[PDB]
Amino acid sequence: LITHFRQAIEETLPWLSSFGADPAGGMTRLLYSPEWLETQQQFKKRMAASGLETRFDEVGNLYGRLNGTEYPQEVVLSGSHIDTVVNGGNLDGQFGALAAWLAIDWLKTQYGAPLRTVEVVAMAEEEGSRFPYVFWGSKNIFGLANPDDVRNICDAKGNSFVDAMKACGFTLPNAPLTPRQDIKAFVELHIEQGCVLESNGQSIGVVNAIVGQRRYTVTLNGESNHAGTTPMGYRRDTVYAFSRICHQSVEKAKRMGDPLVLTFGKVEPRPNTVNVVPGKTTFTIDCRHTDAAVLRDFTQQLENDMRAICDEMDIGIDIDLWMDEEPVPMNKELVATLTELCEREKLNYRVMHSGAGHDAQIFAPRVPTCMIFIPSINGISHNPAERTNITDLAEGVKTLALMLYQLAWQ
């Protein structure tokens, strides 16, 4: 079965990738761009000619529908986002949507009409790579997006949001949409964007949950001084202070173990010169975990450690916690069905978590949802060097087709 989809991929993937191709390398889609519009239009046509009822909702999300026989109003959905970042992609997002179409087209030819309605979706924007807003697609599906937060009061480097939208043929609503209550289940296939599958030698990941997140901005204020005339004992060096904090905290994170992660990726000393003790340093913090209580307890302890260190050195501290989102588990029953399914099939799988956010995180709190991971080479993502071995890709489409059978044909 793996070899069948293998071919389907070789004929469809290169075709889809042509639209939005960037000479500078990789993929460059971006919300409401001429390249965006052409992609959806081309994809909608292909689907319609396949025998599925196609449509665009109010903001550009694309659907492909196959009606069920006894519970036609209960729908099983599957898909991913159609947009990308500025350079390179080809697999992130669009593959999950391509897969759902391949799976559904195959299911219909082998078993005819399903008993429950099944649908494929190509969502508009999951990566705010053009405008200062994220999840414009999935959010409007559940009516969580407020038109005010994007009206004109906001735009990219020149063009207005409302203009680019109407330029593609869609009118910005006057109020939030009506939430969908007809969705019985949602399944999203994505590339992991990591190395865990490769390093443990596997091919399919059963996602149990989506990690919660916390992002800080911290500012330390000491005193700038002559690097040669000021003895060590008279100093209030902000870089040395940062160093004690980073070193100590990273170590602590390591002892706690997976799935905990801690990163200090942006640092800005002032004046930032070789012969001047820096009296100021601005830095960031990024911490994640699957358990809400652990996330809170660990980051709270760090706040106490930073405070203790700085009070000792007599350096002032300013802590700004600007991103605080909780963990998102996947439906308990759906995970069980998928797991026992992998067992039944001789699939080389692994139960794991997602260290990154996906459209799936907004569906989950409203309807039963789950995700399927496929490995990525060298954990590369968001750049042209993104790639996965085709036999792994086929294994993904195959496993997606099986879950959908169990949910709408069984």
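The first residue of the sequence shown is number 1, and the count goes up from there.
Of the two segments, 63-71 and 380-388, the one listed with the higher mean B-factor is 380-388 (C-alpha atoms only). As listed in the deposited structure, the average C-alpha B-factor of 321-329 and of 270-278 is greater for 321-329. Within the group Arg55, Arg366, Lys346, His358, the record's highest C-alpha temperature factor is found at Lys346. Which of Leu197, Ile245, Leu102, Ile82 has the largest Cα B-factor in the deposited entry comes down to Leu197. In the deposited entry, the Cα temperature factor of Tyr133 places it in the middle third of its chain's modelled residues. Annotation for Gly233: C-alpha temperature factor in the lowest third relative to the rest of the modelled chain, per the entry.
Compared with the other modelled residues of the chain, the Cα B-factor recorded for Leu260 ranks in the middle third. Among the modelled residues of the chain, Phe298 sits in the middle third by CA temperature factor in this PDB entry. Ranked by C-alpha B-factor against the other modelled residues of its chain, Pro147 falls in the middle third.
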